[PDB]
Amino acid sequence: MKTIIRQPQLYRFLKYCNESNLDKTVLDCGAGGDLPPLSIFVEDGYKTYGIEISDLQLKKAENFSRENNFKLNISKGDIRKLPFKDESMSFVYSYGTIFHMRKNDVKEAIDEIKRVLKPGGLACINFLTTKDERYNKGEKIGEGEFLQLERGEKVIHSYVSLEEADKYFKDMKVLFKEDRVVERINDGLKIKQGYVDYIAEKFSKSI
């Protein structure tokens, strides 16, 4: 493509989607920013759709689009209420996104992902875990939910245990689950991050 996206797990997801027998249609729930990962899907022949709630992030993704001569098909919207029909998407991901919401909203959004996914369709979703350095920091607003100042702005972070995250996929076939603890030097200093990533397939139902 030219540039490498920031979240390398989405290259694993792209490889799974390429291997799936379903046709190449993908939705990014939370798609904006200056390096939108839908780029690697468009570059690999996908029909893409994106949803983004932030005006600024949507503007950044559009600038990137123009600069690179892409149409990514990102629209303003709320991932808790997807404007797509039931069983319309082969593949859906919400990566680095879902945990910016309260747990009731996380459930709404995941339910929407499940709804729009075709039978046999793949979802990729990741979560902050209780192994993250910022678990229990900032202002507690709910169980496993904190309002934190990050880069000058208030952000909600929700955190899960692995037992808790598994419950979101108990009705799906988990193909890939990775629990990770990352220690990386960000802006001069070491930070510890905790994520669990899932790639799961929607069951087909009969009789």
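Note that residue numbering begins at 1 and tracks the sequence as displayed.
Higher mean CA temperature factor, per the PDB entry, when comparing 13-21 with 182-190: 182-190.
In this PDB entry, the Cα temperature factor of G120 sits in the middle third of its chain's modelled residues.
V155 sits in the middle third of its chain by CA B factor, as recorded in the PDB entry.
Looking at the C-alpha B-factors along this chain, the one for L27 belongs to the lowest third. Per-chain ranking of the deposited C-alpha B factor places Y93 in the lowest third.
Per the PDB record, residue ranking by Cα B-factor puts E87 in the middle third of the chain.
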